[PDB]
Amino acid sequence: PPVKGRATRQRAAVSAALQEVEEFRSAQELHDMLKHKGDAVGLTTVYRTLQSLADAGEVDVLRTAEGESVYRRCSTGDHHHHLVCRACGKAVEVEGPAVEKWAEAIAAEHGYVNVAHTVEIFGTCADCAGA
DNA sequence: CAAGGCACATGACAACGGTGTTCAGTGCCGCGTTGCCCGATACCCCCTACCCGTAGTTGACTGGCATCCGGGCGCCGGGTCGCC
Ligand SMILES: [Zn+2]
Ligand SMILES: [Zn+2]
Ligand SMILES: [Zn+2]
């Protein structure tokens, strides 16, 4: 996980933590689990590295209803949409050219120069209903 | 003269006003700590220059050295050969 800044142990540690975690997480709870591992990193520094990862683009970023920004990394480079369960957090990556063509067609119809789509589908889990 | 009819105001009724606080999220500036990058420095190599130890050099050449006295002074102590 290369970063724009000079490599060191702490960015490697947070990158490895993101690698192990395959769920949507917030910065504060990410720091909580990171401290639980025992690295004892700083809050604001963790912010810098996660922000850098979001800027780099190798980690997707989502915004919750509460307004918190949450992050998680994706195995595949190409763009995709993550279906996520609020209770579980199971993020599954899917993509469809139909929505892309729809966006381009709308942009052309309205004479828009450039666009950027943000589509996230929320829903109820299959196993959450079961008990 | 008493009972029945209409005005204004009234006991509550929430919801705005405006402003103060709550978790929480994320930075914004202050203090301190970190990967680089090089640059010099200790430490292997090769070469030869020079110090230092060993071994020969065949006419003949076969025993030295200069001592030492003007203490001075007395005693100890032992050796040392005569003595009868
Ligand atoms: Zn993604
Ligand atoms: Zn998309
Ligand atoms: Zn679920």
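For the first sequence, the positions run 6 to 136 when the UniProt record's numbering is used.
Where is the CB? At the ideal position from N, CA and C, for every residue including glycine.
Endpoints, beta strand (DSSP E) assigned at residue i
i, result
"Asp65", "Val64 to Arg68"
"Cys133", "Run containing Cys133: none in the beta strand (DSSP E); it sits in the alpha helix (DSSP H), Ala131 to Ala134."
"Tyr76", "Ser74 to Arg78"
"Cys90", "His86 to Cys90"
"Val46", "Note, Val46: premise wrong, no beta strand (DSSP E); not H, not E."
"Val118", "Counting along the chain, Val118 falls outside any beta strand (DSSP E), and DSSP gives it neither H nor E."
Range of the contiguous alpha helix (DSSP H) that encloses residue i
i, result
"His41", "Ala32 to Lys42"
"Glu109", "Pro102 to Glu114"
Per-residue DSSP class, three states only, for residue i
i, result
"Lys9", "coil"
"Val51", "helix"
"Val19", "helix"
"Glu25", "helix"
Residue i to residue j span [Cα, whole Å]
i, j, result
"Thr123", "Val104", "11 Å"
"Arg30", "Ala108", "29 Å"
"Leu35", "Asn119", "34 Å"
"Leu48", "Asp37", "10 Å"
Residue i CB to nearest heavy atom of ligand 1 below 7 Å
i, result
"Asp44", "no"
Any non-hydrogen atom of ligand 2 within 7 Å of residue i CB
i, result
"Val66", "no"
Taking a cut-off of 7 Å, which residues have a beta-carbon closer than that to any heavy atom of ligand 3, in chain order? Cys90, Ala92, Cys93, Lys95, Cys130, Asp132 and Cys133
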